[PDB]
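As structure tokens, one chain now follows by itself in the form deposited in one PDB entry.
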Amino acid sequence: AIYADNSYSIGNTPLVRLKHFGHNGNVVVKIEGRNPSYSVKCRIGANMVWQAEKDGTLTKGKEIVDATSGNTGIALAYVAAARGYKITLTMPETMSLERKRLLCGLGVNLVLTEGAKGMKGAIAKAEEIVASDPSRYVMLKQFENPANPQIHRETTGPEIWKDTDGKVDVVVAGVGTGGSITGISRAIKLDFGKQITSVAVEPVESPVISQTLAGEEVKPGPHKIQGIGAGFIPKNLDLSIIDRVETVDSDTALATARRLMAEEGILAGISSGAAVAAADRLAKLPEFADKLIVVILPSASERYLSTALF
């Protein structure tokens, strides 16, 4: 069809079989880089806006405010532009020029915060802006907004179901907000009724899901796997649908993403390397020899040109 605006064009991302990972083609990847603003977050950018419209929290002339300049910030920026909303994004002044320019190109009102305060400063500035005129501004809150996992339940999950003819046995997904693994798992287990294995992936450097489920001290840590490992259990992570948690280290995530490019011709981001490293480990267990493993690849390589990936 013809999409009325770019937000409606989200999803329908392809599945590609891996040749150099898994065993006898049991690993398949879903390429979320193929989206209106080139990441998985495009889906949630669209649906959080759409849900806010439907429930009347977002109306003509209201302005979107947030403190993300990662994938969600970019997603919200294209959606705001596509649907005629003003948007302010707060970010620490030490963020890259490439990111400032991208966000400015998408028509965002960028508010740079104190380098010394990091993300906390940007989040406070955003919260402050909203507090100043609550009726003018709306903050969509990706970590708790149910419209996040809902879009994955309505689109991402059903796409996996349909493109595999229901043969999917395992879903492997890195956890940032938890929305992807939550929505996809609820779709396949509840709407389609199939008892798959849902595998959350997190950094070995910040393995808070692992620690939580073991009843151990929760000790977040720094890592390089952008987009995952938030260091807390987000509200949009439904632990009741998680079967297994795999930890992956930053270096192996990076090396794996490099292999995806050089050996498969897949321009994957860092967290995609992490998800595949986790999937490859399960795929080489005799228990998953005859199991179809589907892995979410959240983003695309060129967004990482200035990073350790290259």
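Numbering starts at 1 and runs along the sequence shown. C-alpha atoms forming the largest set that superposes within 1.5 Å between two forms make up the rigid core.
If you average the C-alpha B-factors over 80 to 88 and over 134 to 142, the higher value belongs to 134 to 142. As recorded in the PDB entry, 94 to 102 is the stretch of 200 to 208 and 94 to 102 with the greater mean C-alpha temperature factor. You'll see in the entry that, of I181, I188, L110, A230, the Cα B factor peaks at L110. Of the residues listed, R259, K30, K54, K284, the entry assigns the biggest Cα temperature factor to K54. Ranked by C-alpha B-factor against the other modelled residues of its chain, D163 falls in the middle third. Ranked by Cα temperature factor within the chain, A122 sits in the highest third according to the deposited record. Ranked by C-alpha B-factor against the other modelled residues of its chain, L18 falls in the lowest third. When the modelled residues of the chain are ordered by their C-alpha B factor, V175 lands in the lowest third. Sort the chain's modelled residues by C-alpha temperature factor and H152 lands in the lowest third, per the entry.
Form deposited in another entry: not shown, discussed below.
Here the rigid core is superposed between the shown form and the other one, and of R99, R153, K189, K235 the C-alpha of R99 is the only one to shift by 2 Å or more. Shown in the overlay between the shown form and the other one, fitted on the rigid core, is a CA shift at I270 smaller than 2 Å. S39: CA moves less than 2 Å between the shown form and the other one after rigid-core fitting. After superposition on the rigid core, the Cα of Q211 moves by less than 2 Å between the shown form and the other one. Whereas the displayed form keeps them at a certain spacing, the CA atoms of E93 and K224 lie at least 3 angstroms closer in the other entry.
Wider separation of the C-alpha atoms of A81 and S69, by 3 angstroms or more, is seen in the other entry than in the present form.
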